[PDB]
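Read the single chain below, which is given as structure tokens and is the form deposited in one PDB entry.
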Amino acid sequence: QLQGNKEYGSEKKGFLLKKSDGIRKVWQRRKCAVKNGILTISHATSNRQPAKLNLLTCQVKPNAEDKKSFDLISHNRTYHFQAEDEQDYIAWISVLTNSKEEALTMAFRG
């Protein structure tokens, strides 16, 4: 019995705001894409290869203090994101969860 939301797909490309780790923790706009249970998040600034997160090993956790915010929690690290509007918020949490669930279904089929 699978979580997500069928109103959305399992792939998305767009922008998200990400809170920086270090420099007074400022919010910064990054290019992000989900496909095949993988989330790719650009850094500032390529230069670097984008970060790649395996959603099967991450928790998606809506943020209790801002309506458009959510976190991705890996084994290692917490990423704080903010969508650019409420519609985009529901789309990202839905696509992330769908992508995870699809992939989990494939993994636990094999």
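Residues that one form lacks are left out of the comparison. Numbers follow the displayed sequence, beginning with 1. Between two forms, the rigid core is defined as the largest C-alpha subset superposing within 1.5 Å.
*Asks:* Going by the mean C-alpha B-factor recorded in the entry, which is higher: 18-26 or 93-101?
*Replies:* 18-26 has the higher mean C-alpha B-factor.
*Asks:* Could you settle it for me: does 74-82 or 41-49 have the higher average Cα B factor in the PDB entry?
*Replies:* Result of the comparison: 41-49.
Although it is not shown, the form deposited in another entry is what the next lines describe.
*Asks:* Would you say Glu11 moves between this form and the one not shown, meaning its CA shifts by 2 Å or more once the core is fitted?
*Replies:* Comparing forms between this form and the one not shown, the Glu11 CA shifts below 2 Å.
*Asks:* So which segments really shift between this form and the one not shown, if a segment has to be 3 or more residues long and each C-alpha must move 2 Å or more after the rigid core fit?
*Replies:* These are the shifted runs between this form and the one not shown: 21-23, 46-48, 65-67.
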